[PDB]
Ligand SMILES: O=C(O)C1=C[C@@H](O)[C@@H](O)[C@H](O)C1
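Just the one chain here, laid out as structure tokens, in the form deposited without this ligand.
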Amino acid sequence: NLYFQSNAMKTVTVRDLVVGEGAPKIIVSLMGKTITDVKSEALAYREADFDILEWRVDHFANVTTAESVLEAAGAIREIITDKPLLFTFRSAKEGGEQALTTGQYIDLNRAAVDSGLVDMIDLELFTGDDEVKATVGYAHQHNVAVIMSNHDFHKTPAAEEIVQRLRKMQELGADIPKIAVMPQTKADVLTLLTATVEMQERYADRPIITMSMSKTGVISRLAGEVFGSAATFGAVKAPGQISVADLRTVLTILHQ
């Protein structure tokens, strides 16, 4: 556990991966219900050309048993030994598969920070300012980086509001602010790109991750190098996801 960050090139370096420099990094997510399912996925992903491995812990059936989470994290880390591992429990409020109280959610993340098996944790911006601040501090004290997140699965907020949220994430100490929004029109995709550009230009001093969801928003997953998003999600493995192989092809074609 040790990561670096620079406000000159606006980068975060974890496990030798420099987020915020060069081409957008590909994040793939593990969604298994059991420990063996998580291993099957990790084995299947090991060959794929991705950069960061995200474990969606809300899909894990035994998330309330500390020993089981630790065992599954340990199993992933022994299959994917050199790529950064991001621990993500998506809350029910923001589309996650299970529900946990605020207290449990914070304890889960603190336990993931303690394990030494994860390089990063995902904390939701709207969890509560006191709780967010406390958990960011704890993660940082253990050399664990924080991706702070916010999702709107049904609409796209005004560009100014998207910018405001990303700024608040920086205010709260996020190492990498992250926002995903849902377009209802084609203009909404451009609104998300506008917000990304404005944030990068006016306020960002670290990498940021942004996305417009659905088939309509797929260009937001491809044009990060120009518009300013530092990472993008792909499936190894709906009609609005793009395969990791195809994402890598496009990113390479667009790389400058």
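Residues that one form lacks are left out of the comparison. One-based numbering along the sequence shown. Here, rigid core means the biggest group of C-alpha atoms that superpose within 1.5 Å across both forms.
As for the form deposited with this ligand bound, it is not shown, yet the points below apply to it.
Contact with this ligand in the bound PDB entry, defined as any heavy atom within 4.5 Å, is confined among 183-191, 39-47, 54-62, 200-208 to 54-62. In the bound PDB entry, none of the heavy atoms of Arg77 sits within 4.5 Å of a heavy atom of this ligand. Heavy atoms of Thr11 never reach within 4.5 Å of this ligand in the bound PDB entry, leaving it off the interface.
Remark: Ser243 does not count among the residues lining this ligand in the bound PDB entry, judged by a heavy atom distance of 4.5 Å or less. When this ligand is considered in the bound PDB entry, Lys83 lies well away from it, no heavy atom lying within 4.5 Å. Residues of 215-229 that come within 4.5 Å of this ligand in the bound PDB entry, judged by any heavy atom, reduce to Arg221 alone.
Shifted segments between this form and the one not shown, defined as at least 3 consecutive common residues whose CA atoms all move 2 Å or more after rigid-core fitting, occur once only, at 238-240.
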